[PDB]
Each structure stands twice: as structure tokens, then as C-alpha cells.
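Listed below are the residues making up each chain.
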Amino acid sequence: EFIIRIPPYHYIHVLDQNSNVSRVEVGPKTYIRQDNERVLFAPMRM
Amino acid sequence: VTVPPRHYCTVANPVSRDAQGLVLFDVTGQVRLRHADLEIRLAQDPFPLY
């Protein structure tokens, strides 16, 4: 759950629960979430 | 795959290439493509599918 590597040409949204702010991350990169931050859904193609 | 003479094939998302036809690579090591495009390939050596 904590480790989320999105495939190339994709994105995910992770919510900063300490700020109620959502963001999107792009690029073929491996991503690790924080304890407070929660991803909303699994990667889907951009 | 190879295409014989007097034949052709189409592959979606063609390879993005430089002035010398060398395959350009992304910073993260990915292959540079051309999204939502089609290319016509005529007879040549057996190219690989990226």
C-alpha cells in the first residue's frame, strides 16, 4: 500500500490529510506515500 | 517482425528519432515515442517492437 510505482505515462492522486490538499504526480517514477498522505485510486493512463 | 519487399506495416505510436534515425531515450531511461500517431514502414531489416 505504501509503495506505489506508477507505470510510464500515468499518474495518481495522493491527498495530504494534514492540509486537505490533493496533487497529481506524473512521469515513470517510483513513489512512496507518507503515513498521513493517502492515495485516492490506482494508476490510470494519462 | 520483418516486412518483405512490396509490403508494408503500420505500428501505432511510432519511435521518435533524431536527425540520424537513432532512437532518442528519455531522461528516466524510457523510449521517446509519438503518441496517437501511425507510421508506414516499408521493406527493411527486421526492426524490433519497442
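Residues numbered from 1 in each chain as written, not as in the entry; some residues may be left out. Chains lettered and ligands numbered in written order. Part of a larger assembly, values for the part shown. Heavy atoms only, no water.

What the deposited record gives as its method is cryo-EM, and the resolution it gives is 3.07 Å.

Novice: An account of the packing of aromatic side chains is needed here, citing residue identities and associated values.
Specialist: The final tally for this structure, using the stated rule, is zero aromatic pairs over all chains. Between the NZ or CZ atom of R33(A) and the centre of the ring of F2(A), over which it lies, the distance is 4.4 Å. (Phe/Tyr/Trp six-rings, centres within 6.5 Å; stacked < 30°, edge-to-face > 60°. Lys NZ or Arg CZ within 6 Å of the ring centre and 35° of its normal.)

Novice: Tell me about the pairing of strand β2 (residues 10–16) of chain A, and please be specific about residues and values.
Specialist: The two faces of the sheet receive side chains in turn, since in a regular strand these alternate between them. All names here are of chain A. Across two bridges, β2 lies against strand β6 (residues 44–45) in antiparallel orientation. Bridge pairing in β6 places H10 opposite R45. In terms of strand pairing, β2 meets strand β5 (residues 38–39) through two bridges, oriented antiparallel. By the bridge assignment, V14 is partnered in β5 with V39. (Pairing = 2+ DSSP bridges. Helix = DSSP H or I, 4+ residues; strand = E, 2+ residues; numbered from the N terminus.)

Novice: Just give me the short version of the interface of chain A and chain B, but keep the residues and values in it.
Specialist: The partner chain B presents four residues to the four residues of chain A that form the contact. For the interface between chain A and chain B, the tally reads zero salt bridges. Scanning the region where chain A abuts chain B turns up two residue pairs in polar contact. (Contact = heavy atoms within 4.5 Å. Salt bridge = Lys/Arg side-chain N within 4 Å of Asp/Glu carboxyl O. Polar contact = N/O pair within 3.5 Å; in protein donor to acceptor, adjacent residues only side chain to side chain.)

Novice: Kindly report on the pattern of salt bridges, identifying the contributing residues and their values.
Specialist: Residue and element names in this part refer to chain A. A full pass over the atoms with the stated rule returns two salt bridges over all chains. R33 is the salt-bridge partner of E1, the closest N and O atoms lying 3.7 Å from each other. Residue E1 is located in the segment before β1 (3–5), and its partner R33 is located in the loop between β4 (30–32) and β5; the two are separated by 32 residues in the primary sequence. According to the relative accessible area criterion, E1 is exposed, its value standing at 73%. (Buried < 20%, exposed > 50% of the residue type's maximum accessible area, 1.4 Å probe, protein only.)

Novice: So what about the side chain of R41(B)? Which residues, and what values?
Specialist: All names here are of chain B. Turning to its location among the elements, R41 is positioned in strand β2 (residues 38–41). Its relative accessible area of 10% is what places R41 among the buried residues. Engagement of the side chain of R41 in a polar contact is seen with the backbone oxygen of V11, the distance being 3.1 Å. Excluding residues that lie within four positions of it along the chain, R41 makes contacts with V3, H7, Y8, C9, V11, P14 and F47.

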